Amino acid sequence: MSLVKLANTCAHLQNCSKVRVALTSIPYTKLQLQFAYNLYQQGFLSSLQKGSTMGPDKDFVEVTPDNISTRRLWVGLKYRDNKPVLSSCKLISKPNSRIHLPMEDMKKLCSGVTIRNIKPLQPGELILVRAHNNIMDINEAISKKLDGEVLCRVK
Amino acid sequence: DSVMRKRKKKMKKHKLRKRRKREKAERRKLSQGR
Amino acid sequence: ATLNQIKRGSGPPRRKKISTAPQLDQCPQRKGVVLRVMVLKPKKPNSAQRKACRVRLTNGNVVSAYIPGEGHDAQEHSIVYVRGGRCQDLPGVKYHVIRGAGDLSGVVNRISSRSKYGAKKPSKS
Amino acid sequence: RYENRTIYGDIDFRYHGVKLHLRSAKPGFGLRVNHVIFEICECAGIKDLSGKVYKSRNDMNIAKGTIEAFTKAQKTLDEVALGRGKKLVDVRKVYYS
Amino acid sequence: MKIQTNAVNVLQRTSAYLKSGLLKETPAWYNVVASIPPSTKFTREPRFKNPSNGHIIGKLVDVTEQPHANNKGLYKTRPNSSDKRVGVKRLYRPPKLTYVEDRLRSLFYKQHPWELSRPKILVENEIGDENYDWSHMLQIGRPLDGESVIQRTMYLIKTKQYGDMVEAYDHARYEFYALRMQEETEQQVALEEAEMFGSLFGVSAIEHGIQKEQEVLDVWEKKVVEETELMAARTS
RNA sequence: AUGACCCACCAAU
RNA sequence: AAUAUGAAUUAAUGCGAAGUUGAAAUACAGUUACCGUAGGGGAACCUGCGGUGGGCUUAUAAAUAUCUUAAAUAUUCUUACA
RNA sequence: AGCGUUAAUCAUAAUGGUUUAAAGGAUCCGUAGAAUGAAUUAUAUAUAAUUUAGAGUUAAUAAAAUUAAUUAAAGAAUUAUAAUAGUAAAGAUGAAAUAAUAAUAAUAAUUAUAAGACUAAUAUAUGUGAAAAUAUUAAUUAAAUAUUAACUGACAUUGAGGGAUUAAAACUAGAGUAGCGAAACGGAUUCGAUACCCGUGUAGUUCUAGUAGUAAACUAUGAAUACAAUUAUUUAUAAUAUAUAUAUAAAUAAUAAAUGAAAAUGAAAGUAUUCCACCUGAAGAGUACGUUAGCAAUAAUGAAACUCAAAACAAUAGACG
RNA sequence: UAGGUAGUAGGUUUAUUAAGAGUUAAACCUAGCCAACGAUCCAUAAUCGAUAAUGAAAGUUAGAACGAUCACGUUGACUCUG
């Protein structure tokens, strides 16, 4: 998958959160789906739906080779006390510099230790980790002891 | 600063005058068979 | 600076503190002989007759020095021990000398800061 | 404030030119920050912080900057929770040092 | 401006002062803005369907949802440029309230410009108590206007008493004319009769038409008294 | 206060 | 072959508490200034050419205005009312 | 039982930047890049196999634009030059001087030859070009548009070095040479005036083949991609039941947010990702020297010693013109 | 310091060697090999740690001292010994 795409998704979500947009669209790919699903499960998003370029789908539309170019993920942005719940979405691994951490170092990051210039996890922040072609929480990666590329630090 | 750039102008112009004097030394006995 | 550009080497300006008293070639006090001796005018806003010498050094590098204290024994051809330090006013003396070695003396009645100005506990009867 | 002594989480608010980078510290770590941040922290209550000011340490700007950080980039635990639709927890008391 | 914070956050602000000591007695209103919390979300919420033309805002024609070569005799299979130009702003963009009745309104007024000249009660009175049976081009309260003709053609196209919009409107167009024709006679009858029954009139339509006009002549006559003459001296 | 000096003007779109 | 040190003479530059001549720049700085280049000049500089604004957004009138119930009705109106 | 000071070392900020303060390459093409880069699935994190969103290619329909090179034309004037008739001044300037002005009959006039450069309005450089640049006309050649449709199947993002183009001046040949105008010389002004002003006016400005490769080559802003709130105008363009009010793009002008030392930037100087170039106090210095290239002027490359705690930018008052 | 390299680059076959290899010596092929991710050339320097110093950490410095490695005992070369 493409971290460049992920970088564009992370910047797009930050821009939409700053302008207080309720609903926005991101490219339909497996990476963006797993990324948005983790944000939804962690309560950063209000909704995650399939759609076209025009809007979220009302009824279930099958994804075919003919329609794949028009398909988007529609994501509901969450706001609480006139503030965005997704305030910052920054890449840790860049396209030019990928950061793979062992489980022990991911555990040290969760325990308040700085590793390879990655600041320790703070309360209410999320770090997404890529292990075995899946995206999950940094804590989830440690729980499965799955060493893999790091990804985004949501706050 | 334009004034600072102008000073270059005075300096390049001054060096141009030196170049004219150096030009006499150039193309002379020094740059031929030596 | 893109990483590739840093990987090549394009980073923080490393501050190597160039020596200010190089002629003491990487060594504390060096000794020398007072050639020319003169009094000089200090670049203003300061004005006072500055007392100094154009000492030569063992490393055979000529030096302009400054004589501290109020009273000196600068006799052309004396041998002294040159030290470090700027003369701020004298726009040239980048090396000072030690009032307390070689032929240089120790200011008289020098009552305080005697060490820097050369003097033994003025003893009394 | 977190546990009535330090900030909630490491911050990096950039006020004008001053780029403050304060980090919360373990209970005990005294007040270790720029003189100004110390007196603000002395009067605010923060008695366990640590940080540094980069581009432009504009004394006064540091002060406006610091109180701005405390109110802008220091979301309390409750907010993080109510908003995300979840409930974050405190583990240091669950150990009772 | 920029979504401000110190506007809908007064209770949070006062609460702090109330808990510390900056305040001693709570601002009376304190409770009210607690009972009725302030809407704080200022989200540019999205739209999904046009409130009027019933159109939908949010659909894409997946190609499979199509098979007839376009009029341009051609079976399109690959999605087209606009058909892939992320149109998210369109959802937020407020849709146009298009109404065919508005076209009929303009059409009637174009065909009958004197109706526009006719005074209309644009001022809307309690629109709530206005249920109007429109099988007839007349209603108690609502006066006669081309608007009535429009609301009338609706029955003929809703109930379907007639056929298409053009035919429907005309059926009522002649209905209107009659009411207007009878009114014209009624108008004259009042006078003629009243004229032939002890009636005196201080000023008529011809009278305002002359007095005001003659009044204007006062100004013009005096004006040319300076213009024409001033030029004689200006040229002599 | 440091702090003896300052020098140029020519005629219009 | 290379490096280093010397050389009559000669070049540039730096510093200096108060010498000389002119007044190039900053105001429309009294020829708009600079840029590239060329020529000329005691010296700042002057001049030719193209370029730039880091100067002209420094931008501020062709003057002319139309009636219908002037009211006992409009106006008054405080739960309306009815 | 050390304290100084000096001499070193470590720390004390890149958790930087480059429109305007050091600090974007003249421009683009494009090689390497141990540079980065679509999708889907399936293997053990690379293969294979699929996909069409990038990026391409070929039509067909729209609609026209000339941006290059070359060839062929047009035009107002200018000088000069006779012809002509006309008389005494002309012309220039703040005002005046002069020059080959004019009693050799001038200037003005009106005809008439010749020679050159240039190209008004339109005309907004809107635009068109990579950037240089670029609006007298046509001819040829070539590039450049939108939208569908067929295909291709990530084929790319842009790039060290290299190559290509590269204003004005300059240069080397050859022709040309009206006007302009370095230099020159003369007349002014002035205290002085090798200036501004004025008169002649040569190198040059033109072409042709070169050479050279620098400009405030500036939007003082490298290229690419994804994204973000409005309005008004261009305007492209589809559509409508063309002449309407609509949907798209594109540009231009005001802004929101955001960023910012501020000035202000405003779809970038915002949010992000990728790649290249470049900066690390001021002077000394883009100097010296070496080396390469050039017919040359020069161009690129590019130090150190010595000396300071200075030096630079945006916003503010105030004095000044 | 931008081109360097000719035993150089590799191949094959001999000499010697405890022994592979242009390692030498030898013989004969081929045309290489290295290089702007810095070759060749020049300059400087003994190297290092579970040693010492500095800092928050990355690091940064040192090399006296502890200890590890090297190299030399005035220079050069060679020879025996072993």
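Residues numbered from 1 in each chain as written, not as in the entry; some residues may be left out. Chains lettered and ligands numbered in written order. Part of a larger assembly, values for the part shown. Heavy atoms only, no water.

**Details of the overall build of chain B**
Worth spelling out the cut-off: Strands are runs of DSSP state E lasting at least two residues, helices are runs of H or I lasting at least four, and both sets are numbered from the N terminus onward. Relative accessibility decides the category of a residue: with a 1.4 Å probe and only protein chains considered, values under 20% of the type maximum give buried, values over 50% give exposed, and everything between is partly exposed.
The number of helices and strands found in chain B is one helix and zero strands. Taken along the three principal axes of its C-alpha coordinates, chain B extends 45 × 10 × 5 Å. Burial status across chain B gives 0% buried among its 34 residues.

**What about a nonpolar patch on the surface?**
Quick reminder of the rule: The residues that make up patches have over 30% relative accessible area and no salt bridge, and they are joined within 9 Å when like-charged or within 5 Å when they are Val, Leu, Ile, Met, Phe, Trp or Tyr. Note on areas: Shrake-Rupley with a 1.4 Å probe; residue coverage comes only from the protein chains shown. Salt bridge, as used here: a side-chain nitrogen of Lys or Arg that lies within 4 Å of a carboxyl oxygen of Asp or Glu.
Together, D:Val89, D:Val91 and D:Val94 make up a nonpolar patch on the protein surface, roughly 300 Å² of accessible area in all. Along the chain, D:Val89 turns up in the segment after α3 (77-84).

**Quick look at the packing of aromatic side chains**
How we decide: Stacked, edge-to-face and tilted are the three classes for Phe, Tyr and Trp ring pairs, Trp counted by its six-membered ring, which pair at centre distances within 6.5 Å; planes under 30 degrees apart are stacked, over 60 edge-to-face, the rest tilted. Either the NZ atom of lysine or the CZ atom of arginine qualifies as a charge over a ring when it sits within 6 Å of the ring centre and within 35 degrees of the ring normal.
Within the structure shown, the criterion is met by nine aromatic pairs over all chains. Look at D:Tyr2 and D:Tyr8: their rings are 5.8 Å apart centre to centre, the planes differ by 45°, and that puts the pair in the tilted class. Each member of the pair, D:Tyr2 as well as D:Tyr8, is classed as buried. Between E:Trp29 and E:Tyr30, the ring centres sit 6.2 Å apart and the planes meet at 65°, which makes this aromatic pair edge-to-face. E:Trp29 gets classed as partly exposed once you look at its relative accessible area, which sits at 31%. On the basis of relative accessible area, E:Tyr30 is assigned to the partly exposed category, the value being 23%. Of the aromatic side chains, those joined through ring pairs into one cluster are E:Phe108, E:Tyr109, E:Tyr169, E:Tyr174, E:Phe176 and E:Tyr177. Over the ring of D:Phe29 we find D:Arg32; its NZ or CZ atom is 3.6 Å from the centre of that ring.

**So, the sheet that holds strand β7 (residues 95-97) of chain C**
Residues and elements named next belong to chain C. The criterion, for reference: Strand pairing is assigned whenever DSSP detects at least two bridges linking the two strands.
In spatial order, the strands read β4-β1-β6-β7; together these four strands make up an open sheet with antiparallel pairing. The two strands at the open ends of the sheet, each matched to only one other strand, are β4 (56-57) and β7. Summarising the sheet, strand β1 (residues 30-33) and β4 pair through two bridges and their orientation is antiparallel. Along β4, the bridge assignment pairs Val33 with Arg56.

**Observations concerning the pattern of salt bridges**
When their charged atoms lie close together, side chains carrying opposite charge are able to pair. All names here are of chain A. On inspection of all chains with the given rule, the structure shows 23 salt bridges over all chains. Between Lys144 and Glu140 there is a salt bridge; the shortest N-O distance is 2.9 Å. The class of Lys144 is partly exposed, set by a relative accessible area of 41%. Given a relative accessible area of 31%, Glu140 falls into the partly exposed group.

**A few points about the domain arrangement of chain A**
Residue and element names in this part refer to chain A. Quick reminder of the rule: Each domain's limits were defined by an automated method or a database of domain assignments. Contact criterion: two residues are considered in contact whenever any of their non-hydrogen atoms come within 4.5 Å of each other. By buried area we mean the combined loss of accessible area, with a 1.4 Å probe, across both parts when two parts are placed together. Throughout this entry, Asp, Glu, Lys and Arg are counted as charged residues, while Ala, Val, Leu, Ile, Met, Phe, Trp, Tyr, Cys and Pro are counted as nonpolar. The remaining residues, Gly among them, count as polar.
When its domains are assigned, chain A resolves into domain 1 (2-86) and domain 2 (87-155). Computed from C-alpha coordinates alone, the two centres of domain 1 and domain 2 are separated by 21 Å. If you look at the interface, domain 1 gives 17 residues, while domain 2 gives 23 residues. For the pair domain 1 and domain 2, the summed buried area comes to about 1600 Å², and 69% of that belongs to carbon and sulfur atoms. Those elements that provide at least two residues to the side of domain 1 that touches domain 2 are α1 (3-18) and α2 (30-41). Within the side of domain 1 that touches domain 2, the residues separate by chemical class into 12 nonpolar, four polar and one charged.

**A closer look at the layout of surface pockets**
Test applied: Here a cavity denotes grid points, spaced 1 Å and computed from the protein atoms alone, that fit a 1.4 Å probe unable to get out, and a pocket denotes an open set having protein on both sides within 12 Å along at least 5 of 7 lines; residues with an atom within 4 Å of a point are the lining. Grid points are joined across faces, edges and corners, and a volume is the space filled by probe spheres set on the points.
Its boundaries defined by the atoms lining it, the second largest pocket holds a volume of some 980 Å³. A:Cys110, A:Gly112, A:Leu121, A:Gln122 and A:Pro123 are the residues nearest the centre of the second largest pocket, which is lined by 33 residues in total. When contributions to the lining of the second largest pocket are tallied by element, the ones reaching two or more residues are β2 (18-24) and α3 of chain D. The class makeup of the residues in the lining of the second largest pocket is 13 nonpolar, nine polar and 11 charged.

**Observations regarding the environment of E:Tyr75**
Residue and element names in this part refer to chain E. Within the element layout of this structure, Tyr75 appears in the loop between α2 (32-35) and α3 (88-92). Owing to a relative accessible area of 62%, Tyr75 belongs among the exposed residues under this scheme. Residues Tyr75 and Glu184, spaced 109 residues apart in sequence, show a C-alpha to C-alpha distance of 61 Å. Non-local contacts of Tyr75, meaning those with residues more than four positions away in its chain, are made with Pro67, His68 and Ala69.

**Here's the deal with the packing of helix α6 (residues 146-158) of chain E against helix α7 (residues 165-195) of chain E**
Residue and element names in this part refer to chain E. Operational definition: Whenever a helix is involved, its axis is fitted only over the stretch in contact; in every case the axis is a line through C-alpha atoms, and angles between N-to-C directions fall within 0 to 180 degrees. Throughout this description, any angle smaller than 35 degrees is read as roughly parallel, any larger than 145 degrees as roughly antiparallel, any in the 65 to 115 degree range as roughly perpendicular, and the remainder as oblique. In this scheme the crossing of two helices becomes right-handed for a clockwise turn of the near helix relative to the far one and left-handed for an anticlockwise turn of less than a right angle.
Running from amino to carboxyl end, α6 crosses α7 at an angle of 130°, the nearest separation of the two axes being 8 Å. Classed by the angle they form, the pair α6 and α7 counts as oblique. As α6 packs across α7, the resulting crossing turns out to be right-handed. Residue-level inspection shows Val149, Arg152, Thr153, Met154, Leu156 and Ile157 of α6 in contact with α7, the latter providing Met165, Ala168, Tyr169, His171, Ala172, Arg173, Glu175 and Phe176.

**Details of the side chain of C:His96**
All names here are of chain C. The line we're drawing: In protein, a polar contact requires one atom able to donate a hydrogen and another able to accept it; more generally it is a pair of N or O atoms within 3.5 Å, and residues adjacent in sequence count only if both atoms are side-chain atoms.
Structurally, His96 can be placed in strand β7. Reaching out from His96, the side chain makes a polar contact with the backbone oxygen of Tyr66 at a distance of 3.5 Å. A polar side-chain atom of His96 sits 2.9 Å from the main-chain carbonyl oxygen of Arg86. Leaving out residues up to four positions away in the same chain, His96 has contacts with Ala65, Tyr66, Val82, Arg83, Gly84, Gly85, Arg86 and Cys87.

**What to know about α6(E)**
Residue and element names in this part refer to chain E. The test is simple: Multiplying 1.5 Å by the helix residue count minus one yields the expected span of that helix.
With 13 residues, α6 extends 19 Å between its outermost C-alpha atoms, agreeing within 8% with the 18 Å of an ideal straight helix rising 1.5 Å per residue. Those residues of α6 lying buried are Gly146, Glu147, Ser148, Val149, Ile150, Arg152, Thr153, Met154 and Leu156. Looking at the buried residues of α6, the elements they touch are α4 (100-111), α5 (113-117) and α7. Among the residues trailing α6, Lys160 stands out with phi positive, at a value near 80°.

**Examining empty space enclosed by the protein**
A full pass over the atoms with the stated rule returns three cavities of 30 Å³ or more. Looking at the largest cavity, the residues that line it are A:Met1, A:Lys30, A:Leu31, A:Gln34, A:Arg130, A:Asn133 and A:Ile135. For the lining of the largest cavity, the element with the most residues is α2(A), which contributes three residues. Of the residues that constitute the lining of the largest cavity, the class distribution is three nonpolar, two polar and two charged. Mapped onto the domain boundaries, the lining of the largest cavity takes at least three residues apiece from domain 1 (2-86) and domain 2 (87-155) of chain A. The computed volume of the second largest cavity comes to approximately 50 Å³. Looking at the second largest cavity, the residues that line it are C:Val34, C:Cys53, C:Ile67, C:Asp73, C:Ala74, C:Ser78, C:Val80, C:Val97, C:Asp103 and C:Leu104. Classifying every residue of the lining of the second largest cavity by side-chain character gives seven nonpolar, one polar and two charged.

**Here's the deal with the interface of chain E and chain A**
Counting residues at the interface gives 26 residues for chain E, matched by 25 residues for chain A. Across the chain E to chain A interface the summed buried area is about 2200 Å²; carbon plus sulfur atoms make up 60%. If you sort the residues of chain E by the area they bury against chain A, E:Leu60, E:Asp62 and E:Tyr92 come out on top, with a joint share of 18%. Between the two partners, chain E and chain A, sit one salt bridge. Across the pair A:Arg71 and E:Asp62 runs a salt bridge whose closest N-O atoms are separated by 2.6 Å. Here chain E and chain A share four residue pairs in polar contact between them.

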